[PDB]
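# Structural features, examined
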Protein chains: 2
Amino acid sequence: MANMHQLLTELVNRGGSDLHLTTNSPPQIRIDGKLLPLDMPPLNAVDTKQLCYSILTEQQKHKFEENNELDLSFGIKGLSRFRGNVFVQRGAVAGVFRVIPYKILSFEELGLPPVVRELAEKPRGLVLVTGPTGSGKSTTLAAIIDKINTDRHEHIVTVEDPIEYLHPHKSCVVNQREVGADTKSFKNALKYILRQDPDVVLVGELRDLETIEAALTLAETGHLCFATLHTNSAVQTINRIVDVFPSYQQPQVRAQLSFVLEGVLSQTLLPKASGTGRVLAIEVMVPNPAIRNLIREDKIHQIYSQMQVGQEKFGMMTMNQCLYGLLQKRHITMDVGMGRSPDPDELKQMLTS
Amino acid sequence: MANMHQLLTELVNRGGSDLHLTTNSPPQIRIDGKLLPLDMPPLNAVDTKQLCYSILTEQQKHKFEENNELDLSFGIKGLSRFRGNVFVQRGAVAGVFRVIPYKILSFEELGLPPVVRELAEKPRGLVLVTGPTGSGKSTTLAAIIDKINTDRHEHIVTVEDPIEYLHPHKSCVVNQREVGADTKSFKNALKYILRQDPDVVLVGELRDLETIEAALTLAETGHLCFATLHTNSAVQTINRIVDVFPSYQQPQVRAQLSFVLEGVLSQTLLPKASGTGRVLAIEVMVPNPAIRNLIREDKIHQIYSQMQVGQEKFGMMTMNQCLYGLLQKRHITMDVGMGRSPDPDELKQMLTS
Ligand SMILES: Nc1ncnc2c1ncn2[C@@H]1O[C@H](COP(=O)(O)OP(=O)(O)O)[C@@H](O)[C@H]1O
Ligand SMILES: Nc1ncnc2c1ncn2[C@@H]1O[C@H](COP(=O)(O)OP(=O)(O)O)[C@@H](O)[C@H]1O
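Residues numbered from 1 in each chain as written, not as in the entry; some residues may be left out. Chains lettered and ligands numbered in written order. Part of a larger assembly, values for the part shown. Heavy atoms only, no water. Residues with missing side-chain atoms left out of burial classes, pairs and counts.

Structure determination for the deposited model, as stated in its record, used X-ray crystallography, and the stated resolution is 3.027 Å.

If you check the PDB entry, chain A appears there as Twitching motility pilus retraction ATPase from Geobacter metallireducens.

Right, here's the structure in full:
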């Protein structure tokens, strides 16, 4: 506890990105991508458990002991907030701890096209921000919420496991519920959200069926609902939503999605051509009447063709079209663009044309 | 009357892998893959129970009597560590006991070519070590991991069922997770691995479609991912990964594999011609620009032709080329070499030439 503060302070003071605590090694900090041990004795299982437990609530200790996994965020007064992950290896506790910045970056700093700001102005519907873990999803969502919070006089409710970015009230009323402390579960929080007069709702990952129906219901009843998935493209995202349901109920889900879907953002971070930092590649799908019909008709695989010709009107963009632009601006190398293109032969064709 | 400790000492001393205790047979030890009876009278039910129980705690004895099954590992201080499984057959106790080596062998001692040492230097991507059970896969991976641990300042995470080779921290931080104790399952470990700030991850077998997608994501997000399959050749490895996906998504998977694949090692252990020990036969495919294109163009068949002529530059090597070298050094018989050649007529032509 009194030592855990000192370890996390040293992480901040020395400009490290991640702090590692595990047995038979001293605490180690990642500086410029590479781990460096602190000048301390190696930790034992008593140390790692005491250090990691010193920053947990009783609910988190019981959840950690029930699953041997725990994602969480916590704050240290006067320093910073931190995202921690605690797990078990070779019968002992281990932990990794990252910093959570206080300041939300703008759409421009993040490399987000103007269509993303227009999604933050939608009065209602379902907007999905997808990609793998650490593909920029939380950062993009924080920028969108911060824009809504700055510009609108509405009620934002977020349900998070855990809460990552904090949104102090601006013009909106912003309520943020952390699963396992503020609310028992996503299911329990969503049962009452319509009785809380929301305008904008962040529901997190579309984990299971129960959460998908809540997001579709919120989006169907006139609210703007934000959610994430792990998928890598607009078409793959829509198929993920439909295919989790029983065969008899997939028609209804497809009908609901065609009306309420207002945007799908699929992101991935690629190495910059300079060799330092990462640059955002994003596929943007903004539904037009043609795409909404393809969803209703169970013709999802023909939507990609529609995305190729909807660029000028709605700000839509296939993943290959974004890589083309990153290549002409020399932000990424040809190998990285080809190595990540969902269809390298198409990207080749776009270059010679 | 033989005790447990003398039996386990003989198993180690004779270079055996497994000790078998069951009624109406003498103790038998597996040497070079084949069972051999010890020069002792056959065991009865009193013997098998006394021998297996001699290495159990009181709690372990109780659990065995409740389920008639028990997996465990245990140590003999002056000898070695061991993995035991106790069960019941024909109303009597039976037992199998496996050896867990303490010492990782060098690349030369295992018969791995120098190009395998270079795989430990790869900054990112997917490396596959394939073959049937007990074909040396775990030992090869342990040799690679030890080099990374020695040479890099990065975070290595292994997920194992169970953990075999132990890796004390060297220059890396090494966390080793045993399925069923440290983590609930492979699926659960992989659910949190992206939040654990890893650089190198061992995920075990590409059991199902979901694990392949996890391995491609790790290799795509800047990590070095190691995994195994039960395929027997480089082409069989690439095909089995691609062919599990639906036909409409196989184009993306092939493009991904062409970018992230950094090596495929397909091994098999063959009995030596001398009659003692086993020798490694290995097919090595390291993708070069030509092979990566064959993957993108769906020309997997033609990869075999590239391996036949990529010997001098990149250290590539087909299985038949490896058997030829083992034959000239008289390490294997012609029948053993022929019994494993994927094309016996090709190996014959190489011998007469
Ligand atoms: N648009 C972006 N442009 C550049 N870097 C980004 C962008 N979005 C996120 N990042 C960086 O990626 C890292 C983690 O992103 P994160 O928000 O945790 O993604 P996710 O919520 O999907 O896991 C951070 O260091 C962040 O600065
Ligand atoms: N590269 C190797 N060369 C020679 N013998 C090996 C090699 N790898 C393993 N062995 C021997 O074979 C036995 C079993 O192999 P193992 O490592 O368990 O492969 P797998 O994990 O695929 O089942 C080991 O006890 C070891 O003595």
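There's plenty left to go through after this.
## Re the site of ligand 1
Our working rule: Any residue with a heavy atom positioned within 4 Å of a molecule or strand is treated as near that molecule or strand. Identification of polar contacts relies on pairs of N or O atoms within 3.5 Å, with a donor-acceptor requirement for protein atoms, meaning one able to donate a hydrogen and the other able to accept it, and with residues adjacent in sequence counted only if both atoms are side-chain atoms. Methods summary: accessible areas were calculated by the Shrake-Rupley approach with a probe of 1.4 Å, and residue burial reflects only the protein chains presented. Secondary structure elements follow DSSP: runs of H or I of four or more residues count as helices, runs of E of two or more count as strands, with numbering from the N terminus.
The immediate surroundings of ligand 1 are formed by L110, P132, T133, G134, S135, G136, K137, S138, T139, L269 and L280 of chain A together with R195 of chain B. Neighbouring residues of ligand 1 are not confined to a single chain but are spread across chains A and B. In this structure, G136 of chain A approaches ligand 1 through a main-chain N or O atom, which is 2.9 Å from an oxygen atom. At 3.4 Å, a side-chain N or O of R195 of chain B approaches an oxygen atom of ligand 1. Protein coverage of the free-state accessible area of ligand 1, which is 570 Å², stands at 75%. Here the shell around ligand 1 gets 3 residues from one element, more than from any other, and that element is helix α5 (residues 137-151) of chain A.

## Things to note about the pattern of salt bridges
Note the cut-off: Put simply, a salt bridge is a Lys or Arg side-chain nitrogen that is within 4 Å of an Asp or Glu carboxyl oxygen. Note on classification: 1.4 Å probe, protein chains only; a residue is buried when its accessible area is under 20% of the maximum for its type, exposed when over 50%, partly exposed between these limits.
This structure, assessed with the given rule, holds 25 salt bridges over all chains. With its nearest N and O atoms 3.4 Å apart, the salt bridge here joins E262 of chain B to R292 of chain B. Of this pair, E262 of chain B sits in strand β12 (residues 261-271) while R292 of chain B sits in helix α10 (residues 289-296), placing them 30 residues apart in sequence. For the pair formed by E262 of chain B and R292 of chain B, the shared burial category is buried. One salt-bridge network, in which partners are shared between bridges, spans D71, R83, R98 and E164 of chain A together with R195 of chain B.

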